[PDB]
$ cat target.cif   # mmCIF, C-alpha atoms and all ligand atoms
data_start
loop_
_atom_site.group_PDB
_atom_site.id
_atom_site.type_symbol
_atom_site.label_atom_id
_atom_site.label_comp_id
_atom_site.auth_asym_id
_atom_site.auth_seq_id
_atom_site.Cartn_x
_atom_site.Cartn_y
_atom_site.Cartn_z
ATOM 1 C CA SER A 1 210.298 15.426 134.954
ATOM 2 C CA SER A 2 207.611 16.502 132.477
ATOM 3 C CA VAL A 3 209.591 14.912 129.637
ATOM 4 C CA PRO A 4 207.553 12.383 127.588
ATOM 5 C CA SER A 5 208.069 8.733 128.563
ATOM 6 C CA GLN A 6 210.269 6.709 126.219
ATOM 7 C CA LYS A 7 209.728 3.430 128.069
ATOM 8 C CA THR A 8 208.910 0.488 125.799
ATOM 9 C CA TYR A 9 205.602 -1.301 126.296
ATOM 10 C CA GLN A 10 204.208 -3.807 123.800
ATOM 11 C CA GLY A 11 200.897 -3.657 125.651
ATOM 12 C CA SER A 12 197.727 -5.626 124.959
ATOM 13 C CA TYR A 13 198.227 -5.714 121.192
ATOM 14 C CA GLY A 14 201.851 -6.872 121.175
ATOM 15 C CA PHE A 15 203.059 -3.620 119.641
ATOM 16 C CA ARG A 16 206.465 -3.830 117.950
ATOM 17 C CA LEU A 17 208.341 -1.648 115.484
ATOM 18 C CA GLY A 18 209.810 -2.923 112.224
ATOM 19 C CA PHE A 19 211.997 -1.509 109.472
ATOM 20 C CA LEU A 20 212.833 -2.456 105.884
ATOM 21 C CA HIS A 21 216.055 -4.350 105.248
ATOM 22 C CA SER A 22 217.325 -1.680 102.874
ATOM 23 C CA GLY A 23 221.107 -2.054 102.979
ATOM 24 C CA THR A 24 223.671 0.752 102.944
ATOM 25 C CA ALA A 25 224.225 1.605 99.270
ATOM 26 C CA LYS A 26 224.747 5.244 98.228
ATOM 27 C CA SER A 27 221.289 5.495 96.692
ATOM 28 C CA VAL A 28 219.469 4.466 99.876
ATOM 29 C CA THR A 29 217.490 7.307 101.486
ATOM 30 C CA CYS A 30 216.491 5.402 104.613
ATOM 31 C CA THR A 31 218.381 2.580 106.348
ATOM 32 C CA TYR A 32 217.947 1.033 109.780
ATOM 33 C CA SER A 33 220.646 -0.450 112.012
ATOM 34 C CA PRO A 34 219.292 -3.387 114.063
ATOM 35 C CA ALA A 35 222.559 -3.371 116.009
ATOM 36 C CA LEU A 36 222.128 0.284 116.982
ATOM 37 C CA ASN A 37 218.334 0.522 116.928
ATOM 38 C CA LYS A 38 218.993 3.636 114.871
ATOM 39 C CA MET A 39 217.507 5.000 111.655
ATOM 40 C CA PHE A 40 219.707 6.858 109.181
ATOM 41 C CA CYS A 41 217.742 8.931 106.698
ATOM 42 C CA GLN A 42 217.798 11.834 104.272
ATOM 43 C CA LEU A 43 216.133 15.232 104.733
ATOM 44 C CA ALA A 44 212.501 15.259 103.524
ATOM 45 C CA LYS A 45 212.754 11.725 102.114
ATOM 46 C CA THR A 46 210.510 8.688 102.683
ATOM 47 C CA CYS A 47 211.127 6.926 106.007
ATOM 48 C CA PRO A 48 209.099 3.703 106.288
ATOM 49 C CA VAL A 49 208.324 2.656 109.860
ATOM 50 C CA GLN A 50 206.508 -0.633 110.383
ATOM 51 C CA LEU A 51 203.892 -1.385 113.019
ATOM 52 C CA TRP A 52 203.746 -5.028 114.070
ATOM 53 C CA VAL A 53 200.942 -6.290 116.303
ATOM 54 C CA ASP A 54 199.923 -9.667 117.720
ATOM 55 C CA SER A 55 196.296 -8.541 117.822
ATOM 56 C CA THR A 56 194.489 -5.921 115.709
ATOM 57 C CA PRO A 57 193.650 -2.629 117.463
ATOM 58 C CA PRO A 58 190.101 -1.471 116.604
ATOM 59 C CA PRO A 59 189.432 1.250 113.995
ATOM 60 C CA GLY A 60 189.702 4.562 115.807
ATOM 61 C CA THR A 61 193.152 3.649 117.107
ATOM 62 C CA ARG A 62 195.804 6.317 116.481
ATOM 63 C CA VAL A 63 199.589 6.246 115.984
ATOM 64 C CA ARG A 64 201.630 9.149 117.361
ATOM 65 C CA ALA A 65 205.224 10.162 116.631
ATOM 66 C CA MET A 66 207.351 12.595 118.636
ATOM 67 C CA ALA A 67 211.032 13.533 118.718
ATOM 68 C CA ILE A 68 213.002 14.130 121.923
ATOM 69 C CA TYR A 69 216.682 14.784 122.595
ATOM 70 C CA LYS A 70 218.665 11.713 123.646
ATOM 71 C CA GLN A 71 221.070 13.308 126.113
ATOM 72 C CA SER A 72 219.813 14.144 129.612
ATOM 73 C CA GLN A 73 220.969 17.798 129.513
ATOM 74 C CA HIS A 74 218.880 18.480 126.391
ATOM 75 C CA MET A 75 215.825 16.308 127.082
ATOM 76 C CA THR A 76 213.753 19.193 128.469
ATOM 77 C CA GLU A 77 214.323 21.219 125.300
ATOM 78 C CA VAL A 78 211.607 20.878 122.634
ATOM 79 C CA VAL A 79 212.922 19.357 119.407
ATOM 80 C CA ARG A 80 212.042 21.770 116.603
ATOM 81 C CA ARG A 81 213.275 22.848 113.172
ATOM 82 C CA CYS A 82 216.093 25.376 112.764
ATOM 83 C CA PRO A 83 215.333 29.022 111.813
ATOM 84 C CA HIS A 84 216.492 28.466 108.203
ATOM 85 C CA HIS A 85 214.111 25.563 107.640
ATOM 86 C CA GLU A 86 211.259 26.986 109.721
ATOM 87 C CA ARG A 87 211.564 30.080 107.512
ATOM 88 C CA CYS A 88 211.312 28.361 104.134
ATOM 89 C CA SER A 89 208.103 27.037 102.637
ATOM 90 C CA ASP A 90 208.631 23.330 102.193
ATOM 91 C CA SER A 91 205.343 23.372 104.073
ATOM 92 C CA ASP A 92 202.631 21.162 102.586
ATOM 93 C CA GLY A 93 199.818 23.238 104.079
ATOM 94 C CA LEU A 94 199.116 20.643 106.769
ATOM 95 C CA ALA A 95 202.321 20.454 108.770
ATOM 96 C CA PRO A 96 203.231 23.437 110.925
ATOM 97 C CA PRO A 97 206.517 24.805 109.523
ATOM 98 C CA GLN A 98 208.238 24.272 112.905
ATOM 99 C CA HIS A 99 207.522 20.529 113.100
ATOM 100 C CA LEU A 100 210.492 18.233 112.484
ATOM 101 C CA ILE A 101 208.379 15.139 111.806
ATOM 102 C CA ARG A 102 205.758 14.926 109.066
ATOM 103 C CA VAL A 103 203.748 12.063 107.607
ATOM 104 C CA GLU A 104 203.458 11.867 103.818
ATOM 105 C CA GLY A 105 200.783 10.053 101.827
ATOM 106 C CA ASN A 106 198.033 10.457 104.425
ATOM 107 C CA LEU A 107 195.246 13.046 104.129
ATOM 108 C CA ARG A 108 194.019 12.165 107.624
ATOM 109 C CA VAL A 109 197.284 13.298 109.217
ATOM 110 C CA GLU A 110 196.922 15.424 112.371
ATOM 111 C CA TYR A 111 199.442 17.739 114.036
ATOM 112 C CA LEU A 112 199.675 18.843 117.655
ATOM 113 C CA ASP A 113 201.377 21.616 119.549
ATOM 114 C CA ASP A 114 200.936 20.561 123.160
ATOM 115 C CA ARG A 115 199.126 23.328 125.051
ATOM 116 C CA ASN A 116 201.270 22.671 128.140
ATOM 117 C CA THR A 117 204.594 21.080 127.127
ATOM 118 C CA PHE A 118 204.850 22.899 123.768
ATOM 119 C CA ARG A 119 205.987 19.610 122.220
ATOM 120 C CA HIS A 120 205.220 18.765 118.607
ATOM 121 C CA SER A 121 203.720 15.458 117.503
ATOM 122 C CA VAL A 122 202.145 14.015 114.373
ATOM 123 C CA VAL A 123 199.369 11.405 114.460
ATOM 124 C CA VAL A 124 197.600 9.176 111.915
ATOM 125 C CA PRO A 125 194.733 6.677 112.184
ATOM 126 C CA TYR A 126 195.945 3.107 112.637
ATOM 127 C CA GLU A 127 195.037 0.911 109.679
ATOM 128 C CA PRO A 128 195.404 -2.911 109.635
ATOM 129 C CA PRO A 129 198.284 -4.488 107.613
ATOM 130 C CA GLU A 130 198.423 -3.885 103.841
ATOM 131 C CA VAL A 131 197.743 -6.593 101.264
ATOM 132 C CA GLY A 132 200.927 -8.632 100.882
ATOM 133 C CA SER A 133 202.263 -7.369 104.210
ATOM 134 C CA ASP A 134 202.053 -8.556 107.817
ATOM 135 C CA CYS A 135 202.653 -5.065 109.202
ATOM 136 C CA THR A 136 201.288 -1.533 108.840
ATOM 137 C CA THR A 137 203.694 0.948 107.246
ATOM 138 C CA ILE A 138 203.844 4.701 107.908
ATOM 139 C CA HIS A 139 205.907 7.112 105.801
ATOM 140 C CA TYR A 140 207.575 9.757 107.957
ATOM 141 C CA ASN A 141 209.587 12.732 106.739
ATOM 142 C CA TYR A 142 212.261 14.432 108.831
ATOM 143 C CA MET A 143 212.467 18.081 107.806
ATOM 144 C CA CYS A 144 215.845 19.002 109.288
ATOM 145 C CA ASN A 145 219.349 17.570 109.161
ATOM 146 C CA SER A 146 220.888 16.477 112.462
ATOM 147 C CA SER A 147 223.651 18.985 111.678
ATOM 148 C CA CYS A 148 221.355 21.996 111.150
ATOM 149 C CA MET A 149 222.788 24.861 113.203
ATOM 150 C CA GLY A 150 220.292 26.571 115.504
ATOM 151 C CA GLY A 151 218.120 23.472 115.530
ATOM 152 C CA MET A 152 219.239 20.018 116.631
ATOM 153 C CA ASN A 153 222.812 21.194 115.922
ATOM 154 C CA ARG A 154 224.312 17.673 115.838
ATOM 155 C CA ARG A 155 222.447 16.659 118.998
ATOM 156 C CA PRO A 156 221.175 13.047 118.780
ATOM 157 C CA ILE A 157 217.410 12.503 118.970
ATOM 158 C CA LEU A 158 214.931 9.671 119.437
ATOM 159 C CA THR A 159 211.553 9.172 117.806
ATOM 160 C CA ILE A 160 208.873 7.877 120.157
ATOM 161 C CA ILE A 161 206.038 5.926 118.539
ATOM 162 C CA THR A 162 202.885 5.626 120.663
ATOM 163 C CA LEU A 163 199.778 3.535 120.037
ATOM 164 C CA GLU A 164 196.658 5.122 121.571
ATOM 165 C CA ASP A 165 192.905 4.541 121.368
ATOM 166 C CA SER A 166 190.256 6.984 120.115
ATOM 167 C CA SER A 167 189.977 8.338 123.665
ATOM 168 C CA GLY A 168 193.695 8.958 124.157
ATOM 169 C CA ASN A 169 194.360 5.921 126.347
ATOM 170 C CA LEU A 170 197.900 4.567 125.923
ATOM 171 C CA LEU A 171 198.081 1.093 124.352
ATOM 172 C CA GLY A 172 201.775 0.712 123.596
ATOM 173 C CA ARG A 173 205.046 2.550 123.072
ATOM 174 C CA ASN A 174 208.298 2.021 121.198
ATOM 175 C CA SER A 175 211.231 4.172 120.113
ATOM 176 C CA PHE A 176 214.283 4.397 117.864
ATOM 177 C CA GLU A 177 217.161 6.828 117.437
ATOM 178 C CA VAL A 178 217.277 8.767 114.179
ATOM 179 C CA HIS A 179 220.106 10.552 112.394
ATOM 180 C CA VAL A 180 219.211 12.810 109.465
ATOM 181 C CA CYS A 181 221.995 13.215 106.914
ATOM 182 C CA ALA A 182 223.200 13.262 103.308
ATOM 183 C CA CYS A 183 224.842 9.823 103.430
ATOM 184 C CA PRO A 184 222.662 7.424 105.493
ATOM 185 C CA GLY A 185 224.358 4.273 104.206
ATOM 186 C CA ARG A 186 227.839 5.672 104.794
ATOM 187 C CA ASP A 187 227.017 6.720 108.362
ATOM 188 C CA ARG A 188 225.365 3.435 109.283
ATOM 189 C CA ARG A 189 228.498 1.534 108.226
ATOM 190 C CA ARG A 190 230.703 3.950 110.181
ATOM 191 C CA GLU A 191 228.693 3.819 113.378
ATOM 192 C CA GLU A 192 228.463 0.027 113.247
ATOM 193 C CA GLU A 193 232.253 -0.224 113.187
ATOM 194 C CA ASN A 194 232.493 2.342 116.025
ATOM 195 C CA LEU A 195 231.176 -0.291 118.452
ATOM 196 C CA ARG A 196 234.427 -2.214 118.113
HETATM 197 ZN ZN ZN A 201 217.209 22.677 109.567
#

$ encode --input "target.cif" --output "structure tokens" --more "lines below"
Ligand SMILES: [Zn+2]
Amino acid sequence: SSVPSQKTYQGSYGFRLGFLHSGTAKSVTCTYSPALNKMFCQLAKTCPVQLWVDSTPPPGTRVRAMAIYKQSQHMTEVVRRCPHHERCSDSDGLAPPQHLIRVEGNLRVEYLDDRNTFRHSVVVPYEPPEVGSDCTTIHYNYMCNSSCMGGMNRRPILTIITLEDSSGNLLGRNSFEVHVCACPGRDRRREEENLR
């Protein structure tokens, strides 16, 4: 009832998500399944997420990411890191050690513990598409495995990407499921046959 919305809205700017066409080889650290709308990635590795827009949001626009549990009986529970990982210092001195989602390669990164919902989120300033690219790419890191006991503990999660203005007004929203694991390529292949 107080759970964050995961409803898709492209909004004024035609906000869409995009992902690299990376394939499923062993060496891949991040691979996306268009069939599943699901990202398979490695712990603490680079996870490119693309922002596609029909119109450019003004400077000052922010991009927020938040994880929630997929299943209804776990949706009220705040997605956080497991004790083991929250106890180690893989902490970059910006991210709170409890946050599952980080952004790498951005010194303007901002982290939030919601005063009321206790939910974690990470936000970065929106920048217009790179040279030689028609989208804007953000590098996320997931700091726990899906399997991590005492954390997600094999419970499936979604990442909600929100576009908001400098004043916090919602502009658009999208989402994708993510599975954090040692063999992203292997698992994508497996889950894509599981449809059949
Ligand atoms: Zn963990």

$ resolve_selection --input "target.cif" --expression "the PyMOL selection byres (((chain A and resi 13) around 6) and not hetatm)" --output "mmCIF file with C-alpha atoms, in the frame of the given file"
data_model
loop_
_atom_site.group_PDB
_atom_site.id
_atom_site.type_symbol
_atom_site.label_atom_id
_atom_site.label_comp_id
_atom_site.auth_asym_id
_atom_site.auth_seq_id
_atom_site.Cartn_x
_atom_site.Cartn_y
_atom_site.Cartn_z
ATOM 1 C CA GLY A 11 200.897 -3.657 125.651
ATOM 2 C CA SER A 12 197.727 -5.626 124.959
ATOM 3 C CA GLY A 14 201.851 -6.872 121.175
ATOM 4 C CA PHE A 15 203.059 -3.620 119.641
ATOM 5 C CA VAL A 53 200.942 -6.290 116.303
ATOM 6 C CA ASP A 54 199.923 -9.667 117.720
ATOM 7 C CA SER A 55 196.296 -8.541 117.822
#

$ residues_near_ligand --input "target.cif" --ligand "ligand ZN 201 (chain A)" --cutoff "10 Å" --atoms "all atoms listed in the file" --output "tab-separated table (two decimals) with C-alpha atoms, in the coordinates of the input"
chain	number	residue	atom	x	y	z
A	43	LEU	CA	216.13	15.23	104.73
A	80	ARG	CA	212.04	21.77	116.60
A	81	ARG	CA	213.28	22.85	113.17
A	82	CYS	CA	216.09	25.38	112.76
A	83	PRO	CA	215.33	29.02	111.81
A	84	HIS	CA	216.49	28.47	108.20
A	85	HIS	CA	214.11	25.56	107.64
A	86	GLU	CA	211.26	26.99	109.72
A	87	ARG	CA	211.56	30.08	107.51
A	88	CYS	CA	211.31	28.36	104.13
A	98	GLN	CA	208.24	24.27	112.90
A	100	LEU	CA	210.49	18.23	112.48
A	142	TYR	CA	212.26	14.43	108.83
A	143	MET	CA	212.47	18.08	107.81
A	144	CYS	CA	215.84	19.00	109.29
A	145	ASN	CA	219.35	17.57	109.16
A	146	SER	CA	220.89	16.48	112.46
A	147	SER	CA	223.65	18.98	111.68
A	148	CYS	CA	221.36	22.00	111.15
A	149	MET	CA	222.79	24.86	113.20
A	150	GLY	CA	220.29	26.57	115.50
A	151	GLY	CA	218.12	23.47	115.53
A	152	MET	CA	219.24	20.02	116.63
A	153	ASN	CA	222.81	21.19	115.92

$ closest_atom_pairs --input "target.cif" --of "stretch 67-169 of chain A" --to "stretch 17-26 of chain A" --cutoff "10 Å" --atoms "only C-alpha atoms" --output "CSV"
residue,atom,partner,partner_atom,distance
A:135,CA,A:18,CA,8.1
A:136,CA,A:18,CA,9.3
A:137,CA,A:18,CA,8.8
A:161,CA,A:17,CA,8.5

$ atom_distance --input "target.cif" --atom1 "atom CA of residue A:123" --atom2 "atom CA of residue A:94"
12.0 Å

$ residues_around --input "target.cif" --residues "residue A:170" --least-positions-apart "3" --cutoff "12 Å" --atoms "only C-alpha atoms" --output "JSON, numbers by chain"
{"A": [5, 8, 9, 10, 11, 12, 13, 15, 57, 61, 62, 63, 64, 161, 162, 163, 164, 165, 166, 167, 173, 174]}

$ closest_residue --input "target.cif" --among "A:187, A:113, A:71, A:60" --to "residue A:97" --atoms "only C-alpha atoms"
A:113

$ atom_distance --input "target.cif" --atom1 "atom CA of residue A:111" --atom2 "atom CA of residue A:6"
19.7 Å

$ resolve_selection --input "target.cif" --expression "the PyMOL selection byres (((chain A and resi 93) around 12) and not hetatm)" --output "PyMOL selection string"
chain A and resi 89-92+94-97+102+104+107+109-111
